[PDB]
């Protein structure tokens, strides 16, 4: 869409905090990317582990609950790619850990399917429900790869590491 919105989205993806500070206004902090899956700057900064941009955006009114075209919130993006510090920052600023996208995948589904034990533990310690089923009838435990035995034990209810 607009020129300064595309550059803000790109600066968020790239971790270019200085350009974010120069282009970020109240009108643009939650702007959606028309030429993609309609992610906001916080989606990009969260998915690409741009901790300094994530901190800046949240402080300047970025919507921690913003949904992209598929129903993902920034906590989904961070949990999918193992960005523990970003995920902990989003939860600290009110991210709903049991939110589900259009296929009813929660962040715990993402973390369990990608093998992120510490992310799974983080979400469970903030109230994530391991019994939620997605559209395919699968719980987060049902998505755990064979070989991630510590996650299977964790989602079973064993003591965390």
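Whichever C-alpha set is largest while still superposing within 1.5 Å between the two forms counts as the rigid core. Residue numbers count along the first chain shown, from 1.
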- Any chance you could tell me whether 139-147 or 7-15 drifts more in 8 other deposited structures of this protein, judged by RMS CA distance from this form after superposing on the core? 139-147
- With B-factors read from the PDB entry, the higher C-alpha mean of 27-35 and 119-127 is in 27-35
- Query: Looking at the deposited entry, does 128-136 or 93-101 carry the larger mean Cα B-factor?
  - Reply: 128-136
- Query: residue 69: which third of its chain by C-alpha temperature factor?
  - Reply: highest
